[PDB]
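Engineer: Pasting in a structure now, in structure tokens, and then I'll have a few things to ask.
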Amino acid sequence: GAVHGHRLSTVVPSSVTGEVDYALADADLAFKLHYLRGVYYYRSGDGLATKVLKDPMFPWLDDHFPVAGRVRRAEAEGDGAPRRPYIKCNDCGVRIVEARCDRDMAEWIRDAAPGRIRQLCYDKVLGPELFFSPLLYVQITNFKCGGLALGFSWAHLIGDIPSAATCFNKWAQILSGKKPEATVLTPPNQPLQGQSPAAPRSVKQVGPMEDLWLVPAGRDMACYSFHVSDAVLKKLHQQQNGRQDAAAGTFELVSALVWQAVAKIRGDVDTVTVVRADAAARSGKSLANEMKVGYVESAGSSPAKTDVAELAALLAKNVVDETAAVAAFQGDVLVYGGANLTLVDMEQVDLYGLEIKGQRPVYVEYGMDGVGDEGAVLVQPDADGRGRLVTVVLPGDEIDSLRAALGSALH
Amino acid sequence: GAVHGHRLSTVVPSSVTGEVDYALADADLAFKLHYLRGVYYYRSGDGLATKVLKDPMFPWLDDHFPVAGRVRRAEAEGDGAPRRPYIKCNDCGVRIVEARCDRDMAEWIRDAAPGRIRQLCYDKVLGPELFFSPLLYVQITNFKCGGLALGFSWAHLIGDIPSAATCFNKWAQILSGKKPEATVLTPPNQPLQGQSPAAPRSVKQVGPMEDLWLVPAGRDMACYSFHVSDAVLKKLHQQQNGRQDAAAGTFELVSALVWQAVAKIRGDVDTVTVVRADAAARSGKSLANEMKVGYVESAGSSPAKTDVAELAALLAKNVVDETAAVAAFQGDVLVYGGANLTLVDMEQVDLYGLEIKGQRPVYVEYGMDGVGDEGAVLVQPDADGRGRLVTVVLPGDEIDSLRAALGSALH
Amino acid sequence: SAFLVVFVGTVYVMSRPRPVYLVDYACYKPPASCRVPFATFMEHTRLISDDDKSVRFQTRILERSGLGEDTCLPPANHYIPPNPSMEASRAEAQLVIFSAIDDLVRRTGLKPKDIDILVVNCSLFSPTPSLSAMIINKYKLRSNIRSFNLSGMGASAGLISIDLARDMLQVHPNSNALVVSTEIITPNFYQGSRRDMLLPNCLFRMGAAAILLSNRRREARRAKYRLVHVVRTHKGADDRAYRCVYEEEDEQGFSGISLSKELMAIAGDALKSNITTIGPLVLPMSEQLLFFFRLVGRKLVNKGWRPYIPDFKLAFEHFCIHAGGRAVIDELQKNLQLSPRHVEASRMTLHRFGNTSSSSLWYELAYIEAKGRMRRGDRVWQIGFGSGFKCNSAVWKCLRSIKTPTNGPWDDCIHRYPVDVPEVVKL
Amino acid sequence: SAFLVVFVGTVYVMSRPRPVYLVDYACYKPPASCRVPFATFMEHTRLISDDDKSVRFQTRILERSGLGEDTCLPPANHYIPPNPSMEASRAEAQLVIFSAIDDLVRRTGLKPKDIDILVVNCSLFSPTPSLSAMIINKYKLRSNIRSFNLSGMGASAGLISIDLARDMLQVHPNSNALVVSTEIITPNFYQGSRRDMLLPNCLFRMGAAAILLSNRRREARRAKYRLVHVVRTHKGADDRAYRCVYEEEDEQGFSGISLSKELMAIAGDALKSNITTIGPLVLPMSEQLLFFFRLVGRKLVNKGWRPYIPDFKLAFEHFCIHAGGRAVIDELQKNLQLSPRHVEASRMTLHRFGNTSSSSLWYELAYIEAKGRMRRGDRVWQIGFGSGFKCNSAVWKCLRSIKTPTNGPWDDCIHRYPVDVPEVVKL
Ligand SMILES: CC(C)(COP(=O)(O)OP(=O)(O)OC[C@H]1O[C@@H](n2cnc3c(N)ncnc32)[C@H](O)[C@@H]1OP(=O)(O)O)[C@@H](O)C(=O)NCCC(=O)NCCSC(=O)CC(=O)O
Ligand SMILES: CC(C)(COP(=O)(O)OP(=O)(O)OC[C@H]1O[C@@H](n2cnc3c(N)ncnc32)[C@H](O)[C@@H]1OP(=O)(O)O)[C@@H](O)C(=O)NCCC(=O)NCCSC(=O)CC(=O)O
């Protein structure tokens, strides 16, 4: 029941942008080695033919023209050590991969098997032809039950994860006939000096690659995405008796449970990373890598068998924020899973706002690519809006045993 | 250096024959299971493109229109136990197979490896679609020297071997600008009545064959064409000192040599068949099987102990000719290689009369298909007219043993 | 009146249209080195195909087709499988066309600088540059020649080119027109297995015709025919008639012409819409009274009498119905109430030359000429039908009696024609 | 005299030709969803191509081609690799044509039952039934329409269609003539790797024009132009000019248009051969005197003089040279000594629409009308060159001053044109 019949095409901005060079910020070039894979499942995909889905992509790329641009480099005729990349806003466009899968969509959603976000997203990267590689791929998979899955392959260079989701929802609003919110690309980004030669302990200095923006891990990753229910969420609120704590019960407890499950299997996962998709730290810009990167350590007893309330109160309080030194660094930095197990806070991100016509999605899962060999944990919202969806990117030798360790608590 | 690039094409008669039914003789239906494989090698095929060679085949088949027909079957008048075939003269045509070989021809002529006649003649058969199978295939193989090989795959049903050779020579005469002689089909063939329920001991009565006119062998057949020279022919004439002989000194000595050579390999080949292409038994007809098939017994000592002179003495005079009882038998028989070893007298046949423009062939060899697992000896003429060529169609178990057993006398 | 007749004598001769004379025409006779018999076609079909449901269908189609054994295919369909190249189809276009213009310039005394108008038509094959530019390059025609290449217009575009060359010879006085009507069979072949697309494989054969028209009065005593009328009728507004002869691609990706099973009902209704236009033009008003002495007593007494159609055998001496198939000449005979001698040129043209698409009318005209039947003053009716269901018709009038040694495509074999044709070919 | 002057008013009045009026035309403006930028083309090329020499060639071709960012390809070249089917080729022919006739009948009030002559030309794509039969089937035109479908005649066949409609309006009084000039890019895409056949991939874009001509004198107050002359020049007799634009098949079997490197030397000599025919027709005799007096003193005074052909800038006010490429308008400008404002419709048409083959002249005419430069009495010169090197030329005379809101293909972008087109675009 594999996906087959991939037909490649392109959508461009309907208006000519011109000879525009979109400058990338210092936080954009730090997240350039990572890639977002998001799948949006729909129960009925009739009436959404692939001209109906593609015609609003031409006014949507008028507002988001750096997503249709291409990566170039600016020449430096002094010393050859700096060459800052930018987005040359030619209207090269966004890949549209029409595919079809002759399996059932609802049976594949409840499969809980390692590997559905790779078959439903076009697994490409800003690759060895860097100057001619698209920044966004949209795969439209039609199922035999009438279902529809939109798989978005978003480069973390051009935008964040809430920036990616808002960019997709602004296409869904044009397709629904609504008027989208205005996109702010207006203040251009400038480079920063300050001379930080020491990388933070939340990131891992990988080698100075030049034209392939991907780090191979050696062990193949697999996005196992399980579901955290409402009953086990408030069951995790039964370990904080007699104390008050600022731990948000839907992110710190869930990521602490996954941290406990990973550290039960590995030897010592002492330091972790929290990459928060906060909203108060956002500017008005629509394509900006404004996360909140920071490292949390135990600083004492090992987190392998302590209870998850202690790790939740430890993660919500003892975070040492490092989001500015990651951007102020000069080399390739590999934040997502490079040095430590990342715990991402994609829970206030409007995933289910991809209402196509009046059709809210049945299930939305987000994976990643380019994750280093420590792991990434993506805590997402649920369809009803109360539970959590946790996609875990791990080297494959552990997901057979995370399902054994997490199932004792998730029932 | 194999033959490749086969392109198939047909040549029809230029004038419409109409609804003519060529009645077959009782001798034509006795030889329907065998076929002829004749290759004519040429040094220089310059100007002889596969339009110059194919254009005289349209006047050539106006005279030889049964060769361009197909074989059908008539229905019985009472109970349907016999069904005598006939050649329905629909102008279906003669296959032309334009092939090429990157090997040089002068190396391949003097190679002595079995399987050369099979590659230069299109090995087809009046086979599983009997009503839609050609009676003649002409393969034109272009070599690296510019040398030309005409491979004629002739069905032995429609004509004899001198009938095949004169039918090819009348095409080469039209090609060279000459005028061919008269093609006589004027007396129509008719069945006979002789009351013959017993098969002769010169053929092998095979079972009922309906829509495949080829008896399979089961072993790997191999046609090995070795050259017997003038000097070894005069060494054969020193063994009748003081003895009166009536053996023709170029066929019975050579076929007796091959007979005792295969009698030293096989156990006891006591009797053999001689298929003489006798010039006096031929009538005026141009497509008819006027052979002289008859067995000859040893009637005394074994043919593995004796020498070739007494073998030729018993081979000339002790032929009990059964060429009327071969044609008079009802069931399907196997002449060549069926019951005993056959020693064909294709030696007064004008093989080298295929002068296509002004060019005598360098080398002409004839093979046979459909030979049973006893063997066929084809004593052919050479280009000089003095020496001979012998093509031995035997199974591959005893081809490499024959090259050693004959090497003691051939030098 | 004695002086005011020059005003009438100059208003009549400047309003009278220019006569268009057919000086001579030459039809391509394909050689016997390209003939495809019934058995050769069936064995070529049986080798490349695997299913015996298509071969048994094409056997019935070819045996009920009304063709013969002298029908010729190009030197690419003699290969198993065929080779539909572009150079192999362009070299066939340099064989059927250039041998028809060479036959015409040697029997007319025509100069290549004398040709003013060149109208070439071929339905499927339309290369870049045109076949008209190919003729201009070969024969070195003038730079101010008015060349047209009508392509895609089916088997009725011969009379479209004849009407085009007629309408160009009214504007341009003292000019010659060259009309070439051919059909290149090398890209026309169907390599698939759809049954409605295999009928053009069993019908269309090699053929071409070069036609010399003129409006000069010097070439009015040498000329053969005078063009009287050309009547066009386009049934393409109907959806059933537009998609009747339709070029599609099957589910395996092979192009071809797909004929409809309802084609013979549409070809009959395209003729009766053409009969209603050409009827008042050519029928004598001795018995054009069917609409004034017979119609006025209908809608007050009884609508509908038993049929007495307008007798077109009183208006024409010769008929040249296009040799599409056996069943289409069989139906347009019974619509026109024709004798079997009237449909003899069409039947023997389909038997001898097959369905040469745009040029069957000229082989039929050469049949009527080469039998010695073209007398002086004989009126000829050429009915031609094709794709989009344009059904064009032309009325020629014979100027001089043609002598039966004709030097045409028929003179090698017309001592045997008309052949008696049974409706099956037994196998 | 006072009584016999009617012989002057009967011989001269009945020998004048019927005037042909360009009532209106309608160019198909392609949507912005089908546009192909530079980077999209050079990435779609780079994904299919294994040869890294062909992309370095097509980069130079497309960056010095003179095209822009709004050039539109059909919705089958937007796939990687393209899908040049026949159903996708018919879907483009039903889109570029049926949206240019719908634009024409809504701005003229044309009825489908008024169209008497239909002349469609498309060079490479010619289905069966033809595009004229497609227009007849869609718009339900009459059965007695004179429809013609000129295929294979290259990019200069727009003026061949105009000359054909002009000659058909001389024979048929009180008639309307619909002329459709398009090019279907879907079957024209070259899927191979030969460098001479990769230039039509980087030039030819979508476009069509539907043109309404008439000889009715009632439509002389409504019409925009009057046809003065059409001059045709066929350079096909030269073997170099015949094989200049040639449709071949490469060594892998892909059909395509193979442009030659000798094209500008042939197009210049096919233009100056056309200039010697249109010269005595349109040039004023106040400076035609160099062919009457100054050629007397060649073997009388001097052999070897100053380069001076007569100025066509005195003859016409507007020029509509066919937008073939950058180096072809650069070469046909110095052969005529044209100002940069004279070659501005051609350059901006090549920049905005690309090399639409047969409709570039109508896009250039719409550019001149959109800028408000088309005044009353202005003469237009439309030069078109194509394959077989037919190099046709037409002279229109403007009848009424065109008001600048035109509702043509330029009104969404005419405020930014003319664009300063660089010699090489920035990479
Ligand atoms: C009438 C014939 C089918 C033969 O008569 P038959 O006696 O065989 O007919 P029949 O009723 O017994 O059945 C014939 C068998 O073939 C099938 N059959 C018949 N016509 C078919 C068609 N157009 N498409 C697909 N199948 C068809 C029938 O289904 C049937 O199959 P089954 O056995 O299962 O029932 C054939 O001769 C014929 O088609 N003549 C018309 C020729 C024609 O169409 N010319 C168009 C050229 S116009 C042109 O030139 C313009 C252009 O090209 O541009
Ligand atoms: C002139 C241009 C190559 C661009 O100018 P340049 O400055 O780049 O030229 P250049 O001297 O630097 O060299 C360009 C490179 O391309 C190669 N090159 C140029 N023309 C070529 C051709 N016809 N065929 C094959 N190769 C060609 C050169 O060999 C050279 O290769 P290298 O790099 O090795 O040196 C191009 O704009 C052009 O060809 N314009 C003409 C367009 C045209 O022919 N239109 C006809 C439409 S007729 C029509 O419409 C009728 C119909 O369709 O039927």
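Residues in the structure tokens are numbered from 1 in each chain, the chains being A, B, ... in the order shown, and ligands are numbered from 1 in the order shown.
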Neighbouring residues of residue 390 in chain D were defined as those with any atom within 12 Å, considering only C-alpha atoms; residues of the same chain fewer than 5 positions away were excluded. Please report them as an MDAnalysis selection string.
Structural biologist: (chainID C and resid 128:130 132:133 136:137 142:148) or (chainID D and resid 152:160 231:238 241:242 244:245 266:267 269:271 273:274 383:385)
Engineer: For the residues in that selection, give me N, CA and C atoms as a compact mmCIF listing (two decimals), in the first residue's frame.
Structural biologist:
# COMPACT_ATOMS: atom_id res chain seq x y z
N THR C 128 7.03 20.68 -41.54
CA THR C 128 7.48 22.06 -41.52
C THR C 128 8.87 22.12 -42.15
N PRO C 129 9.06 22.74 -43.33
CA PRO C 129 8.15 23.48 -44.22
C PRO C 129 7.12 22.59 -44.91
N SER C 130 6.17 23.22 -45.60
CA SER C 130 4.99 22.53 -46.11
C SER C 130 5.36 21.56 -47.23
N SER C 132 3.81 22.11 -49.97
CA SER C 132 3.86 23.13 -51.01
C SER C 132 5.25 23.75 -51.11
N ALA C 133 5.89 23.99 -49.96
CA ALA C 133 7.27 24.48 -49.98
C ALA C 133 8.23 23.42 -50.48
N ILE C 136 7.86 23.70 -54.19
CA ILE C 136 8.52 24.92 -54.62
C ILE C 136 10.04 24.75 -54.61
N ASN C 137 10.57 24.03 -53.63
CA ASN C 137 12.00 23.78 -53.58
C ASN C 137 12.44 22.83 -54.68
N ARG C 142 8.29 30.19 -58.61
CA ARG C 142 8.61 31.60 -58.45
C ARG C 142 8.49 32.03 -56.99
N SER C 143 9.09 33.18 -56.68
CA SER C 143 9.02 33.71 -55.33
C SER C 143 7.69 34.38 -55.04
N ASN C 144 6.99 34.85 -56.07
CA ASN C 144 5.68 35.47 -55.90
C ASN C 144 4.55 34.47 -56.11
N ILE C 145 4.82 33.18 -55.94
CA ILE C 145 3.76 32.19 -56.06
C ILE C 145 2.86 32.28 -54.83
N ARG C 146 1.58 31.99 -55.03
CA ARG C 146 0.59 32.01 -53.96
C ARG C 146 0.33 30.56 -53.57
N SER C 147 1.12 30.06 -52.63
CA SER C 147 1.06 28.67 -52.21
C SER C 147 0.20 28.54 -50.96
N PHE C 148 -0.64 27.51 -50.94
CA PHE C 148 -1.48 27.17 -49.79
C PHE C 148 -1.33 25.69 -49.49
N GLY D 152 1.28 23.77 -41.44
CA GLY D 152 2.63 23.54 -41.89
C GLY D 152 3.32 24.74 -42.50
N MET D 153 2.69 25.91 -42.49
CA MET D 153 3.19 27.06 -43.23
C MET D 153 3.95 28.06 -42.36
N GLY D 154 4.31 27.68 -41.14
CA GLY D 154 5.21 28.50 -40.35
C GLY D 154 4.55 29.69 -39.69
N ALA D 155 5.39 30.64 -39.29
CA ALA D 155 4.95 31.83 -38.58
C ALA D 155 4.48 32.95 -39.49
N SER D 156 4.79 32.88 -40.78
CA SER D 156 4.36 33.88 -41.73
C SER D 156 2.98 33.58 -42.31
N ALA D 157 2.31 32.55 -41.81
CA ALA D 157 1.02 32.13 -42.34
C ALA D 157 -0.14 32.97 -41.83
N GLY D 158 0.11 33.93 -40.94
CA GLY D 158 -0.93 34.87 -40.58
C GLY D 158 -1.29 35.77 -41.75
N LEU D 159 -0.28 36.29 -42.44
CA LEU D 159 -0.51 37.09 -43.62
C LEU D 159 -0.90 36.26 -44.83
N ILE D 160 -0.57 34.97 -44.85
CA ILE D 160 -1.13 34.07 -45.86
C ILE D 160 -2.63 33.92 -45.65
N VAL D 231 1.87 41.48 -49.73
CA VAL D 231 2.95 41.09 -50.61
C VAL D 231 3.56 39.81 -50.07
N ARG D 232 3.57 38.76 -50.89
CA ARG D 232 4.11 37.46 -50.52
C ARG D 232 5.41 37.21 -51.27
N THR D 233 6.38 36.62 -50.57
CA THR D 233 7.69 36.31 -51.15
C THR D 233 8.16 34.98 -50.59
N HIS D 234 8.26 33.97 -51.46
CA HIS D 234 8.62 32.61 -51.06
C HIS D 234 10.05 32.33 -51.49
N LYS D 235 10.96 32.25 -50.53
CA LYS D 235 12.36 31.97 -50.80
C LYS D 235 12.68 30.48 -50.76
N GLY D 236 11.68 29.62 -50.96
CA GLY D 236 11.88 28.19 -50.83
C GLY D 236 12.66 27.56 -51.97
N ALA D 237 12.83 28.28 -53.08
CA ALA D 237 13.58 27.74 -54.21
C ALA D 237 15.06 27.61 -53.90
N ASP D 238 15.59 28.43 -52.99
CA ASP D 238 16.95 28.26 -52.53
C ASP D 238 17.01 27.08 -51.57
N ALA D 241 17.62 28.32 -47.90
CA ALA D 241 16.47 28.95 -47.26
C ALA D 241 15.31 27.99 -47.07
N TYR D 242 15.29 26.87 -47.79
CA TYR D 242 14.25 25.87 -47.59
C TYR D 242 14.49 25.07 -46.32
N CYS D 244 16.16 26.05 -43.69
CA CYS D 244 16.56 26.96 -42.62
C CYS D 244 15.77 26.70 -41.34
N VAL D 245 14.45 26.66 -41.45
CA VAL D 245 13.57 26.23 -40.37
C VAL D 245 12.99 24.89 -40.81
N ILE D 266 19.44 34.77 -43.99
CA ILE D 266 18.37 34.38 -44.90
C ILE D 266 17.15 35.27 -44.72
N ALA D 267 16.81 35.60 -43.47
CA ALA D 267 15.66 36.46 -43.20
C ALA D 267 15.88 37.89 -43.69
N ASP D 269 17.75 38.57 -46.44
CA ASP D 269 17.65 38.46 -47.89
C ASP D 269 16.25 38.04 -48.34
N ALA D 270 15.44 37.48 -47.45
CA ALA D 270 14.03 37.27 -47.76
C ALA D 270 13.20 38.51 -47.51
N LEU D 271 13.71 39.46 -46.73
CA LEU D 271 13.03 40.73 -46.51
C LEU D 271 13.34 41.74 -47.61
N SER D 273 14.19 41.01 -50.59
CA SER D 273 13.50 40.53 -51.78
C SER D 273 12.02 40.88 -51.74
N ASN D 274 11.46 40.99 -50.54
CA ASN D 274 10.10 41.45 -50.35
C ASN D 274 9.99 42.96 -50.41
N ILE D 383 5.37 42.74 -41.07
CA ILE D 383 6.31 41.85 -41.74
C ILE D 383 6.38 40.54 -40.98
N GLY D 384 6.15 39.43 -41.67
CA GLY D 384 6.22 38.12 -41.06
C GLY D 384 7.02 37.15 -41.91
N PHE D 385 7.91 36.54 -41.23
CA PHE D 385 8.76 35.54 -41.85
C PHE D 385 8.62 34.22 -41.11
Engineer: Following superposition of chain C onto chain D on all C-alpha atoms, paired in order, what is the C-alpha RMSD to one decimal in Å?
Structural biologist: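 Rounded to one decimal, the C-alpha RMSD is 0.4 Å.
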Engineer: Using only C-alpha atoms and all ligand atoms, which protein or nucleic acid residues are at most 7 Å from ligand 2, as a list in words?
Structural biologist: residues 128 of chain C; 57, 60, 61, 64, 65, 123, 153, 154, 155, 156, 195, 196, 199, 245, 259, 260, 261, 263, 324, 325, 326, 327, 328, 357, 385, 386 and 387 of chain D
Engineer: How would the residues just chosen look if you wrote them out with N, CA, C and O atoms as a CSV table (one decimal), in the first residue's frame?
Structural biologist:
chain,number,residue,atom,x,y,z
C,128,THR,N,7.0,20.7,-41.5
C,128,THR,CA,7.5,22.1,-41.5
C,128,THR,C,8.9,22.1,-42.1
C,128,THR,O,9.8,21.6,-41.6
D,57,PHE,N,23.9,26.0,-22.3
D,57,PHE,CA,23.5,26.5,-23.6
D,57,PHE,C,22.2,27.3,-23.5
D,57,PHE,O,22.0,28.4,-23.9
D,60,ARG,N,22.2,30.7,-21.7
D,60,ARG,CA,22.6,31.8,-22.6
D,60,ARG,C,21.5,32.1,-23.6
D,60,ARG,O,21.3,33.3,-23.9
D,61,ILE,N,20.9,31.1,-24.2
D,61,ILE,CA,19.8,31.4,-25.1
D,61,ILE,C,18.6,32.2,-24.5
D,61,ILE,O,18.2,33.2,-25.1
D,64,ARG,N,19.8,35.8,-23.4
D,64,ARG,CA,19.9,36.8,-24.5
D,64,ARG,C,18.8,36.7,-25.5
D,64,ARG,O,18.9,37.3,-26.6
D,65,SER,N,17.7,36.0,-25.1
D,65,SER,CA,16.6,35.9,-26.0
D,65,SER,C,15.7,37.1,-26.2
D,65,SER,O,15.0,37.2,-27.2
D,123,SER,N,0.6,26.0,-37.4
D,123,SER,CA,1.7,25.4,-38.2
D,123,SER,C,1.9,24.0,-37.9
D,123,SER,O,1.7,23.1,-38.8
D,153,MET,N,2.7,25.9,-42.5
D,153,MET,CA,3.2,27.1,-43.2
D,153,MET,C,3.9,28.1,-42.4
D,153,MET,O,4.2,29.2,-42.8
D,154,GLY,N,4.3,27.7,-41.1
D,154,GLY,CA,5.2,28.5,-40.3
D,154,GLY,C,4.5,29.7,-39.7
D,154,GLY,O,3.3,29.8,-39.5
D,155,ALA,N,5.4,30.6,-39.3
D,155,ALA,CA,4.9,31.8,-38.6
D,155,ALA,C,4.5,32.9,-39.5
D,155,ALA,O,3.8,33.9,-39.0
D,156,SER,N,4.8,32.9,-40.8
D,156,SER,CA,4.4,33.9,-41.7
D,156,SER,C,3.0,33.6,-42.3
D,156,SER,O,2.5,34.3,-43.2
D,195,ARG,N,21.2,20.8,-29.9
D,195,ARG,CA,21.3,22.3,-29.6
D,195,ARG,C,20.6,23.1,-30.6
D,195,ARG,O,20.2,24.2,-30.2
D,196,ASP,N,20.4,22.7,-31.8
D,196,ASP,CA,19.7,23.5,-32.8
D,196,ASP,C,18.2,23.4,-32.6
D,196,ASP,O,17.5,24.2,-33.1
D,199,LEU,N,16.5,25.8,-29.2
D,199,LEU,CA,16.1,27.2,-29.4
D,199,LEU,C,14.5,27.4,-29.5
D,199,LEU,O,14.0,28.3,-28.9
D,245,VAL,N,14.5,26.7,-41.4
D,245,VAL,CA,13.6,26.2,-40.4
D,245,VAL,C,13.0,24.9,-40.8
D,245,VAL,O,12.1,24.8,-41.6
D,259,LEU,N,16.3,25.1,-35.9
D,259,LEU,CA,16.7,26.4,-36.4
D,259,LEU,C,18.1,26.3,-36.8
D,259,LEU,O,19.0,25.7,-36.2
D,260,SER,N,18.4,27.1,-37.9
D,260,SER,CA,19.8,27.1,-38.4
D,260,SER,C,20.5,28.4,-37.9
D,260,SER,O,19.9,29.3,-37.4
D,261,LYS,N,21.9,28.3,-38.0
D,261,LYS,CA,22.7,29.5,-37.6
D,261,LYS,C,22.7,30.5,-38.8
D,261,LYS,O,23.2,31.6,-38.5
D,263,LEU,N,20.1,31.9,-40.2
D,263,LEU,CA,18.8,32.4,-40.3
D,263,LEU,C,18.7,33.9,-40.5
D,263,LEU,O,17.8,34.3,-41.3
D,324,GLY,N,10.5,37.5,-33.6
D,324,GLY,CA,11.1,36.2,-33.6
D,324,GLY,C,12.2,36.0,-32.5
D,324,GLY,O,12.1,35.0,-31.7
D,325,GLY,N,13.1,36.8,-32.5
D,325,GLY,CA,14.1,36.8,-31.4
D,325,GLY,C,14.8,38.2,-31.3
D,325,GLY,O,14.4,39.1,-32.0
D,326,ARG,N,15.8,38.3,-30.4
D,326,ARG,CA,16.4,39.5,-30.2
D,326,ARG,C,17.3,39.9,-31.4
D,326,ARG,O,17.4,41.0,-31.9
D,327,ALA,N,18.1,38.9,-31.9
D,327,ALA,CA,19.0,39.1,-33.0
D,327,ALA,C,18.4,39.2,-34.3
D,327,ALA,O,19.0,39.6,-35.3
D,328,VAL,N,17.1,38.9,-34.4
D,328,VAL,CA,16.4,39.0,-35.7
D,328,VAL,C,15.8,40.4,-35.9
D,328,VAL,O,15.8,40.9,-37.0
D,357,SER,N,4.0,32.6,-32.7
D,357,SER,CA,4.5,32.5,-34.0
D,357,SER,C,3.7,33.3,-35.0
D,357,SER,O,4.3,34.3,-35.6
D,385,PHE,N,7.9,36.5,-41.2
D,385,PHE,CA,8.8,35.5,-41.9
D,385,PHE,C,8.6,34.2,-41.1
D,385,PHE,O,8.4,34.2,-39.9
D,386,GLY,N,8.8,33.1,-41.8
D,386,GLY,CA,8.5,31.8,-41.3
D,386,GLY,C,9.4,30.7,-41.9
D,386,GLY,O,10.6,30.9,-42.1
D,387,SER,N,8.7,29.6,-42.1
D,387,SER,CA,9.4,28.3,-42.5
D,387,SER,C,9.1,28.0,-44.0
D,387,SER,O,8.0,28.2,-44.4
Engineer: Near residue 196 in chain A, counting only C-alpha atoms, which residues have an atom at most 12 Å away, once you skip same-chain residues fewer than 5 positions from it, shown as an mmCIF file with N, CA and C atoms, in the first residue's frame?
Structural biologist:
data_model
loop_
_atom_site.group_PDB
_atom_site.id
_atom_site.type_symbol
_atom_site.label_atom_id
_atom_site.label_comp_id
_atom_site.auth_asym_id
_atom_site.auth_seq_id
_atom_site.Cartn_x
_atom_site.Cartn_y
_atom_site.Cartn_z
ATOM 1 N N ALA A 324 19.860 33.809 21.611
ATOM 2 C CA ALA A 324 20.592 34.892 20.972
ATOM 3 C C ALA A 324 22.006 34.487 20.589
ATOM 4 N N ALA A 325 22.652 33.640 21.394
ATOM 5 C CA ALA A 325 23.982 33.156 21.053
ATOM 6 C C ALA A 325 23.954 32.118 19.939
ATOM 7 N N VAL A 326 22.818 31.447 19.732
ATOM 8 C CA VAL A 326 22.665 30.570 18.576
ATOM 9 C C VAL A 326 22.646 31.391 17.291
ATOM 10 N N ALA A 327 21.941 32.523 17.305
ATOM 11 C CA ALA A 327 21.904 33.394 16.137
ATOM 12 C C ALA A 327 23.201 34.173 15.955
ATOM 13 N N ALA A 328 23.878 34.523 17.046
ATOM 14 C CA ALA A 328 25.116 35.287 16.966
ATOM 15 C C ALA A 328 26.321 34.442 16.579
ATOM 16 N N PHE A 329 26.173 33.123 16.501
ATOM 17 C CA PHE A 329 27.273 32.260 16.104
ATOM 18 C C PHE A 329 27.493 32.339 14.596
ATOM 19 N N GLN A 330 28.664 31.877 14.159
ATOM 20 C CA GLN A 330 29.079 32.021 12.769
ATOM 21 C C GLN A 330 29.033 30.735 11.959
ATOM 22 N N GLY A 331 29.164 29.569 12.593
ATOM 23 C CA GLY A 331 29.211 28.311 11.884
ATOM 24 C C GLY A 331 27.869 27.592 11.840
#
Engineer: Got a sec to tell me which of range 235-290 of chain D DSSP assigns to strand (DSSP E), as a PyMOL selection string?
Structural biologist: chain D and resi 245-249+255-259
Engineer: At what distance in Å, to one decimal, does CA of residue 180 in chain C lie from CA of residue 201 in chain C?
Structural biologist: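 CA of residue 180 in chain C lies at a distance of 23.1 Å from CA of residue 201 in chain C.
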